[PDB]
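Don't worry about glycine lacking a Cβ; one is built from the backbone with ideal geometry, like all the others, and counts go over all protein chains shown. Just so it is clear, none of the values below were taken in a lab; they were calculated from the coordinates.
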Amino acid sequence: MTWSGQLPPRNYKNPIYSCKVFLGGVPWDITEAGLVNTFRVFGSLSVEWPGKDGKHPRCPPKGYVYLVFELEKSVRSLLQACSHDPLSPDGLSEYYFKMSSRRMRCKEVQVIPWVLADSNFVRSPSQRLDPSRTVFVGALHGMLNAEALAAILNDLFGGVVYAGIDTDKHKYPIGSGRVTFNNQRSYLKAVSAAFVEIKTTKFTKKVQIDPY
């Protein structure tokens, strides 16, 4: 099946944070521990980039880095002590900050952290995960947040109780999950549909499903 009926995938509730944050905008930063010594001013912080076991730590990506630290307080602190804009970018939400000091160049960096609204959603918080009544989800959008996951799963059958995407320790998969139901209508219809398409004007995606 296919439609254009999506719910705004850019108007989520931003409750709290639960996984790492993606960062980029530093095409000249020689050492990522510099960014750590400018951000750890607010608390416990750490950093990760591929290749810290290489020939020197001055070999981080051409302009990218990832951050991992205190799951909640430091996360909201950075985002709420720097610059933010809602939907004025005219396409998505974004955060920005600036750690330059006319030492050689000056440019701002752009942040997008992992929110609990990217990990799961419920149609009823007063319910639970039912005994072995859940099917696998994959090949979905590289975010497929709780607004898009709630839109596709209520449109297909309206019989839902819980849905989410699986995470591991700081691997930021956002691409493999499961969905739980309290009705049978969702089990044989999700398996018979196996794939549906989003055909909006400036946003198009698909989500796949497999039996349990």
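Read phi for every residue in segment 16-28 and hand back ³J(HN,Hα) as whole Hz from Karplus 6.51 cos²θ - 1.76 cosθ + 1.60, θ = phi - 60°, with x for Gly and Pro.
Along segment 16-28, the couplings run 9, 10, 8, 9, 3, 10, 9, 9, x, x, 10, x, 9 Hz.
What distance in nm separates the two pseudo spin-label positions at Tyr64 and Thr31, each 7 Å out from Cα along the beta-carbon direction?
2.4
So what J values fall out for segment 3-8 if you push phi through Karplus, 6.51 cos²θ - 1.76 cosθ + 1.60 with θ = phi - 60°, rounded to Hz, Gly and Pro as x?
Rounded to whole hertz, the list is 8, 10, x, 3, 9, x.
Using modelled backbone amide H atoms (1.01 Å from N, in-plane), which distant-in-sequence or interchain residues come within less than 5 Å of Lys98's amide H?
Answer set, sorted by chain and number: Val109.
Can you pull the one-decimal nm distance between simple spin-label points at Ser124 and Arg185, each 7 Å off the Cα toward Cβ?
1.3
Of the listed pairs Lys13/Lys62; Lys20/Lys62; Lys73/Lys98; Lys20/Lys52; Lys52/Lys206, which have alpha-carbon separations greater than 25 Å here? The partial results should precede the final answer.
Working: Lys13/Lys62 33 Å; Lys20/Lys62 20 Å; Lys73/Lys98 20 Å; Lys20/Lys52 18 Å; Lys52/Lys206 36 Å.
The answer is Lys13/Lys62; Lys52/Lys206.
For segment 47-148, run through the trypsin sites (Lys or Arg not before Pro) and keep only the ones in DSSP coil with at most 13 other Cβ atoms within 10 Å of their Cβ.
Filter output for segment 47-148: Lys52, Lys55, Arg58, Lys62, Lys98, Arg102, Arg103, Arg105, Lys107, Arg128.
For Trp3, list long-range residues whose amide hydrogen, built 1.01 Å from N in the peptide plane, is under 5 Å from its own amide hydrogen.
Long-range HN contacts for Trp3: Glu197, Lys199.
Sort out for me the Cα centre separation of segment 16-44 from segment 101-121, rounded to whole Å.
If you average the Cα positions of each part, the centres end up 8 Å apart.
Mind checking which of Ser88, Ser119, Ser192 has the largest fluctuation in a GNM of the chain, springs on alpha carbons under 10 Å?
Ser88
Got a sec to turn the phi values of segment 135-142 into Karplus ³J(HN,Hα) couplings, 6.51 cos²θ - 1.76 cosθ + 1.60 with θ = phi - 60°, whole Hz, x for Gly and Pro?
10, 7, 10, x, 6, 7, 3, x
Return, ordered by residue number, the residues of segment 139-166 whose backbone nitrogen is under 14 Å from a label point located 7 Å along Cα→Cβ of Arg133.
Only 158-163 fall inside the zone, counting backbone N under 14 Å.
What number do you get for segment 114-212 when its Cα radius of gyration is normalised by 2.2 N^0.38 Å, N = residues?
On the way: Rg = 12.8 Å, N = 99, 2.2 N^0.38 = 12.6 Å.
With N residues counted in segment 114-212, Rg over 2.2 N^0.38 Å equals 1.02.
For the chain, what is the mean residue ellipticity at 222 nm derived from helices alone (per DSSP H run of n ≥ 4: -39500 (n - 2.57); sum divided by total residues; nearest 500 deg cm²/dmol)?
Numbers: 4 runs with 35 residues, N = 212.
So the calculated ellipticity at 222 nm is -4500 deg cm²/dmol.
What does the charge count near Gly177 come to, summing +1 for each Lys or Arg and -1 for each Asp or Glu among other residues with Cβ under 13 Å from its Cβ?
-3
Using only the C-alpha atoms of the chain, find the volume of their convex hull and express it per residue in Å³.
Dividing the Cα hull volume of the chain by its residue count gives 148 Å³.
Estimate the FRET efficiency between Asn154 and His56 by the formula 1/(1 + (r/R0)^6), using the beta-carbon distance for r and 45 Å for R0, to the nearest 0.05.
So, using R0 = 45 Å, E works out to roughly 0.30.
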